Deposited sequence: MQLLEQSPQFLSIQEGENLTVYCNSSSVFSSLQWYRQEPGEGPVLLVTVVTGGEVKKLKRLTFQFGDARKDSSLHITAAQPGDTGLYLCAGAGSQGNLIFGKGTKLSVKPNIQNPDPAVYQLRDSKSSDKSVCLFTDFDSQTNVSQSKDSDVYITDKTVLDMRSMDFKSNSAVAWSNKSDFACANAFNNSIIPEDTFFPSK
């Protein structure tokens, strides 16, 4: 009927633990959890069947609530490879299987000696357009129109087909940290 998943998005450092949730308006006979990579098929992680059931599969721990309307998925020591969309699915005696919208998890690889910096690179063929590269920033960094273009691991790139496009503009009001190396 209604399957809700929380949080919708989660960005975390490698090494962090996390818990995500599946909440239902109605009782389920069973509930399944899946992980999906972009443009790939969801992979089944678990089925839970009994109210109160806890299943530990290695770094992943699942619980089905006593009332069979809620489920948690917990990851211990998250790894870059855990990145993906975690899907919840179930049915309950109406027997209409229903899919949640998912939690999109992004795990940022460790960076033990950060060196946040913004660089400007030139085109090989030198039409002399450039891109801006923001790199070597830690996990507590989060990355004015559809023209200025951006791509968010530990690096982000920005580009634009305007001439007043400066790298200082593309990466600021944003979240470059305090000691970012920013060469001319």
Q. Which parts of the deposited sequence have no C-alpha atoms in the model?
A. 1, 145-147, 157-168, 201
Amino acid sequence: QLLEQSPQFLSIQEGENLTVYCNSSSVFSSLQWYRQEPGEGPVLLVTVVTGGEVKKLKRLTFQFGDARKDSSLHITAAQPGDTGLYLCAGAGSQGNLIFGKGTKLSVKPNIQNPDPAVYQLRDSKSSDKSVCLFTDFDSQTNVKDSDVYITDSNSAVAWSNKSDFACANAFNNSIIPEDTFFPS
From here on, numbers count along this sequence of modelled residues.
(Q) Highest mean C-alpha temperature factor of the two stretches 124-132 and 61-69, which is it? (A) 124-132
Q) Looking only at CA atoms, which has the higher mean B factor in the entry: 21-29 or 168-176? A) 168-176
Q) Say you rank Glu53, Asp115, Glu40, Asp152 by Cα B-factor from the PDB entry; which sits at the top? A) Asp152
Q: Please pick out which of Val49, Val148, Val157, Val46 has the largest Cα B-factor as recorded in the entry.
A: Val148
Q. In terms of the CA temperature factor given in the entry, to which third of its chain does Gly100 belong: lowest, middle or highest?
A. lowest
Q.
Please say which third, lowest, middle or highest, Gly90 falls into when its CA temperature factor is compared across its chain.
A. middle
Q: Compare the C-alpha B factor of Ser139 with those of the other modelled residues in its chain, then answer lowest, middle or highest third.
A: middle
